[PDB]
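Student: Opening piece of a complex, kept in its complex position:
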Amino acid sequence: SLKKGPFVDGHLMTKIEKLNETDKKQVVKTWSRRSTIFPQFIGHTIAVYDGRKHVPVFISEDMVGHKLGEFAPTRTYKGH
Amino acid sequence: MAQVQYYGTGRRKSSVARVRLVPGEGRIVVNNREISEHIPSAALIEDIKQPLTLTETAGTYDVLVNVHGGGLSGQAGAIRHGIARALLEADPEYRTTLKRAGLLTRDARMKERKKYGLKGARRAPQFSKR
Amino acid sequence: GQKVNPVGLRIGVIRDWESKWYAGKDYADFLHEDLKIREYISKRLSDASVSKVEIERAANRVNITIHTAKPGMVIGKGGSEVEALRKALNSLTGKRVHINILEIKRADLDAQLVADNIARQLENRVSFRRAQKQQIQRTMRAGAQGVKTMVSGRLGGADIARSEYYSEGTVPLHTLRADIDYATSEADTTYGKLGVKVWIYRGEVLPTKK
Amino acid sequence: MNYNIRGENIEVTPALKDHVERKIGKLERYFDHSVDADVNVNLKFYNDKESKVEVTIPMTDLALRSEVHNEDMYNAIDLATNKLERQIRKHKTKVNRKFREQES
Amino acid sequence: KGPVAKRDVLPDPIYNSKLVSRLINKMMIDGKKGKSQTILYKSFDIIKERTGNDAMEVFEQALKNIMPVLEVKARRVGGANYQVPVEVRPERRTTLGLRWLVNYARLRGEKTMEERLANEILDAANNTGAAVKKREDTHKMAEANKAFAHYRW
Amino acid sequence: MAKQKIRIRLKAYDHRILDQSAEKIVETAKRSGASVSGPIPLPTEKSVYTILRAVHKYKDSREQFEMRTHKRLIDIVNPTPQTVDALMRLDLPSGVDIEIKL
Amino acid sequence: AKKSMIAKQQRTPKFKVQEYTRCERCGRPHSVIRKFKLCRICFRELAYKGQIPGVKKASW
């Protein structure tokens, strides 16, 4: 993105407006990988597509703009 | 309308010049730029001035050379080749010794096209030694 | 390792461009159109043996000047089948193409009809020496500077390498101003696809001018 | 750099890797010192019971290799090494020639 | 194939030099002949202005003390050969002198390879040094084996 | 100055259709008035584009088909409106591009 | 997968940057010519048999 702007997931934007709207929902799968974490979508758990199964990622406060699919591990390590 | 002088257009490596040498005093600056204005200096200007220094060595009449094409040896070598052939059109008997002091043939040494799988038309592909 | 398109090697230097057309802001509809009409006569020639199919682009109307060995075999019963498959091609590509006809005699001078017809004439249980010598006698005796026909590959089942290129007479295979007709076909028998490739170098035309 | 071995259609067994590796240890058991020797081997008895081997050793400034067929597939390795015998003795003798003489 | 000879060059910029025209033909590296013409003309003004003397006499005495005579042509029956004595031909003379004076003098290490190369040719003007030391070097290796490999060729 | 001269420029696949077809295209310019200009020869541009001439391997052994397409031009001088509208009777060639550019 | 591969490559793309080029006579990927409208093998064989003007080759 360059200027307009940070590209939200859409489906993750609906789940973030809903679960971040109220009640502070618990972590489930979220098969998207496109955008980052959001301002209001913090706190939750993204069990995003690690390729085989999910991986519980924290909705932290340090990775403000960092990619929500970047927190997961892509290729199975390590290693030799 | 001027004196009957050289106008001989010849090429050398994709740079054909049009030397127009009138009855003059030795002024060789073609296309509005002098020999020290077009491409200085550089002691190869003596090589681009030798063919006028060979047709009895020399007149010297004027020099007006419209040279467009090639590079340093293209514009310069085409200028000396054009004033050499058209300079053969200056004096009608100048081809006796001027034809034997080089001063012709427009060598045409341009780039060779590389084949399908060559480096630069001379660079070989590679060697896997061992 | 060499082998070369004789029919593409001599094409454009002495041979004729078999596909004529203007070109063009849209070369794609021309290229696929000419391929599709080439398979149009290709499908419609199961027994006619059209030895060439030239199509000309003529401002929203194709001129598919289909050649044929025997005239009435594709020419219809006095205009029936030619108008039928012709108009059907008009609603097959989208352009009302007034397809003409052609009568190719001298089958030893026709490359693909004589060679491919020799191949399908081999697909009926005919032997390799009988098929190759028979085509060399009919088309090889029909009149030409030299015809050399070979059926290369599977024939006889096992140890598949079989190359009987039996053919005699002169051949301008490397003579670049020869203009030989040389195209192959592919026959598919029960043992395997064991096709044939033969060319008939009929004779060159001397270059002149005025 | 020495003694990489790979093979299609088969395992990369260490009882095949040391089996080829000891037997290819005869040449550098015998020569001076090299760093070389990639090996290829595969096949079976799908048709006409074969096992192609082809072992290359381009170390002594000009290449040398061989190739043989068998079904037994261990007994073609020996028939690769003793193929390399003459190629590695005739690399050294042929070149180790003392027929030199001036005016005698 | 036979002896297929080569062509020479024309007279130089300053002034009418021909062997020094070959000196400019060796003077460049990587094609750009303008930089070689500049460094060569800088050696001409540096050695003809500084160290007050002429030019064609200075180069004629440098390469005149640089153009060798004998040289080493290898051979043998095989292992442990004999480096034979093989004297130079003329164009091999000027070529070998251009190789020794160029490849020795341009690798000196002064403030510039142009002025420092002129200092290497000026030290070569004393009949010794880098280039003259090489002419004595090959001139000394040959004639060390000039009693055995002389009448073989 | 002059008038905007009516002349159709030719484009062809080979070079003989523009030559001979430009000849009979001058045969349309003999009638219809006068002043049909001669063969202003176009630049004759080509295209050279090669593909990998093997099935899978042999990446060095390529092949380079290249097919050029350029034809001459003709621009008439005298107007002749009856022949100018009569230029639509174009019969040849099979492969040729006529376009009245005026 | 020639039928689903080439047939799916004939269908409508997902995004606008999804439509990738396909093979002309044989639906191969990998360098179908966009100006001649054919593949590499298709341009070679169909061009040598006669497809448009013209040959091909060997200037330059």
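Tutor: Arrived safely. Numbers count the residues shown, from 1 in each chain, chains lettered A, B, ... in the order given.
Student: Show the contacting residues for the residue nearest to residue A:47 when sequence neighbours are not counted.
Tutor: Of all residues not flanking residue A:47 in the chain, residue A:54 sits nearest, at 3.2 Å (Cβ to Cβ, 6 or more residues apart in numbering or on different chains). Every residue, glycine included, has its C-beta placed from N, CA and C. If you count contacts by Cβ atoms under 8 Å, 6 or more residues apart in numbering or on different chains, residue A:54 has them with A:29, A:47-48.
Student: now do residue A:3
Tutor: Applying Cβ under 8 Å, 6+ apart, no residues contact residue A:3.
Student: State the helix or strand in which it lies.
Tutor: Using DSSP states H and E, residue A:3 falls within no helix or strand.
Student: And residue B:85, by the same measure?
Tutor: helix B:72-88.
Student: So that helix, near chain E or not?
Tutor: No: Helix B:72-88 does not reach chain E (Cβ under 8 Å from any Cβ of the partner chain); its nearest approach is 8.6 Å.
Student: same for that helix, what does it pack against?
Tutor: Helix B:72-88 is packed against strand B:6-10, strand B:15-21, strand B:64-69, helix B:95-98, with contacts defined by 3 or more Cβ pairs under 8 Å, 6 or more residues apart in numbering or on different chains; DSSP states H and E.
Student: List the neighbouring strands of the third one plus their orientation.
Tutor: Looking back up the chat, that one is strand B:64-69. Sheet pairing for strand B:64-69, assigned by DSSP bridges, gives strand B:15-21 (antiparallel).
Student: For the helix or strand following the strand it pairs with, what is the distance to the chain centroid?
Tutor: Per DSSP H and E, the first helix or strand lying C-terminal to strand B:15-21 is helix B:35-38. Per Cα atoms, centre = their mean, to the nearest Å, the displacement of helix B:35-38 from the mean C-alpha position of its chain is 15 Å.
Student: Can you give me the buried ones in helix B:35-38?
Tutor: By 16 or more other Cβ atoms under 10 Å in any protein chain shown, the buried positions in helix B:35-38 come out as B:35, B:38.
Student: Next: stretch E:28-41.
Tutor: Using 16+ other Cβ under 10 Å as the test for burial, stretch E:28-41 gives E:28, E:33, E:36-41.
Student: For chain D, just list every one of the strands.
Tutor: For chain D, applying DSSP state E gives strands covering D:4-6, D:38-41, D:53-56, D:65-68.
Student: next one: chain F
Tutor: F:8-11, F:97-100.
Student: and the gap between residue C:175 and residue C:201?
Tutor: Applying Cβ to Cβ, to the nearest Å, the value for residue C:175 to residue C:201 is 9 Å.
Student: go on, residue E:1?
Tutor: For residue E:1, the distance to residue C:201 - Cβ to Cβ - is 39 Å.
Student: Settle it for me: which of the two has more neighbours?
Tutor: Neighbour count, other Cβ atoms under 10 Å in any protein chain shown: between residue E:1 and residue C:201, residue C:201 has more, with 24 against 3.
Student: Same list (the strands of chain F) but as CSV, adding distance to chain G.
Tutor: Formatted as CSV, the strands of chain F follow (distance: least, Cβ to the nearest Cβ, whole Å):
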stretch, distance to chain G
strand F:8-11, 11
strand F:97-100, 12
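Student: okay, now RNA strand H:
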RNA sequence: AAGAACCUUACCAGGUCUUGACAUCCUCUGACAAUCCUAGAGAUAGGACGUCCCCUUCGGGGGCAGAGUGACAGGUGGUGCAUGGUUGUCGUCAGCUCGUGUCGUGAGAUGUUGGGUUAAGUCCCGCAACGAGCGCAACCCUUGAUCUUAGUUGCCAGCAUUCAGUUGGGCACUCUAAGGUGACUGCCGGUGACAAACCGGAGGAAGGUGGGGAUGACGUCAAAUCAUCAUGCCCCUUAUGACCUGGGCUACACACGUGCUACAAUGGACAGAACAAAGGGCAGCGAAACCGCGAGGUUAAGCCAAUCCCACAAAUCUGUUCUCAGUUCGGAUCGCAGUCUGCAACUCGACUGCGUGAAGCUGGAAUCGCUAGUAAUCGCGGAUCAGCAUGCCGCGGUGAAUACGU
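Tutor: Now RNA strand H, sitting on the chains shown earlier:
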């Protein structure tokens, strides 16, 4: 591979469907389908909105779609030791064969060997052989010389014209592609068994196949390809098939392979000036103007293109300066900050800013390519292609040394 963020994609995980994504055929209804909404990350599943023929005189004809319904469809599965087709090298090296005849019980040979000469089994001459085939060559294209045709957007001498061949004008020159001409040992001096060829010279733009390209002999390697395509058999089929999201093909103790950029003063940074050729451009190129250091943004004249754009060439020349050092060299790594492309640049596009400044001071044994516009070197354009070049294919610029000899 002439282009991997998804598609590509075959491979993995997950969710799906089983005459199926694509086709023919029987019946059968329908003109089909689209457009939004929801749930889903998606394929999909539900709705609502919606559709509801061109030709007969009813029986139609006709695709389209749906269903049954099995005949079928599929495989980028296995077999390149079943194959066709195609392609490498041996190699542009000059060979490779046959008809007839003769020899020899035979296989075979002879021709094709001998004498010269060539790049050549090229040519000539002897010869128990005489002939022909593919090869060699030439014919084809390009390249340096011109003639003739023909001058527009290209060229501008000869006139007026300006910032601008730009514009009245002009078709001399250059240039443009058609026909030709020109080089073929042609000619002379010889050498040579007269013949073959070979040494030397004039003349010419060009001399002994001008330079280069295309062109690759039978055969070899069971060489490469069932994955460009087609195809014999075997095997799978409510899954080795089909659809979708994400990932991977880009991983990383390590060894190689081919290239780029460097290690530096013939250099590094700047300022000014000068020289090309080639190709592409309508689903496109993008002028000028302003904005942004910047990459680029905005709008917009023009160009379907010898006119306009890409476009400015760069190495090179003239001055300042760095001065021998891991540096005012070189450039990775990596951080922050922006642009453009796209459904989306975190695995995984490039470019720009500020910063950072690895290792390298010409590289071992060994190994490579190279006969002149060549090596080497400096830039430009293009196929793929939304983006993505240090590769690939062409284009021009600077301009070398050596070949003693086998």
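Student: let's see what packs on helix B:72-88 again after adding RNA strand H.
Tutor: strand B:6-10, strand B:15-21, strand B:64-69, helix B:95-98.
Student: Would you mind listing the buried residues in the shortest one?
Tutor: By neighbour count, and taking 16+ other Cβ under 10 Å as the criterion, the buried residues in helix B:95-98 are B:95, B:98.
Student: Give me the nearest residue to residue F:43, chain neighbours excluded.
Tutor: That would be residue F:70: by Cβ to Cβ, 6+ apart, it lies 6.2 Å from residue F:43.
Student: The one you found: what's it in contact with?
Tutor: F:11-12, F:15, F:18, F:42-46.
Student: Mind doing that once more with 10 Å?
Tutor: F:10-15, F:18, F:41-46 (Cβ atoms under 10 Å, 6 or more residues apart in numbering or on different chains).
Student: What subset of those residues is buried?
Tutor: Counted by 16+ other Cβ under 10 Å, these give F:10-14, F:18 as buried.
Student: hmm, stretch B:50-66 in reach of RNA strand H?
Tutor: Yes: Stretch B:50-66 lies within reach of RNA strand H by Cβ under 7 Å from any atom of the strand, at residue B:66.
Student: then that stretch to CSV, C-alphas only?
Tutor: Extracted in CSV, the C-alpha atoms of stretch B:50-66 (Å, rounded to 0.1, in the frame of the first residue of the first chain):
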residue,chain,number,x,y,z
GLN,B,50,45.9,13.3,-43.4
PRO,B,51,43.9,12.6,-46.6
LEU,B,52,43.8,16.3,-47.4
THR,B,53,47.5,16.2,-46.5
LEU,B,54,48.0,13.6,-49.2
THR,B,55,46.4,15.0,-52.4
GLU,B,56,49.7,16.8,-53.1
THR,B,57,49.7,17.7,-49.4
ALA,B,58,47.7,19.9,-49.6
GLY,B,59,45.5,22.6,-51.2
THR,B,60,44.3,23.8,-48.9
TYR,B,61,40.8,24.8,-50.0
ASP,B,62,37.9,25.1,-47.7
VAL,B,63,36.2,22.3,-45.8
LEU,B,64,32.5,22.0,-45.0
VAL,B,65,31.7,18.4,-44.0
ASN,B,66,28.1,17.5,-42.9
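Student: Check which residues of the longest helix seen in chain D are buried.
Tutor: Assignment by DSSP state H gives helix D:78-89 as the longest helix of chain D. Residues D:80-81, D:83-84, D:88 are the ones in helix D:78-89 that count as buried (16+ other Cβ under 10 Å).
Student: Switch those residues over to TSV; also include distance to residue C:47.
Tutor: Shown next, in TSV, are the buried residues of helix D:78-89 (distance: Cβ to Cβ, whole Å):
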residue	distance to residue C:47
D:80	59
D:81	64
D:83	59
D:84	63
D:88	67
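Student: Let me have the residues you listed in JSON lines, extended by distance to chain C.
Tutor: Putting those into JSON lines (distance: Cβ to the nearest Cβ, whole Å) gives the following:
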{"residue": "D:80", "distance to chain C": "28"}
{"residue": "D:81", "distance to chain C": "32"}
{"residue": "D:83", "distance to chain C": "27"}
{"residue": "D:84", "distance to chain C": "30"}
{"residue": "D:88", "distance to chain C": "33"}
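Student: Residue D:67 and residue B:118: what is the separation?
Tutor: 32 Å.
Student: can you map out the strands along chain G?
Tutor: Under DSSP E, chain G gives no strands.
Student: I appreciate the help and will end here.
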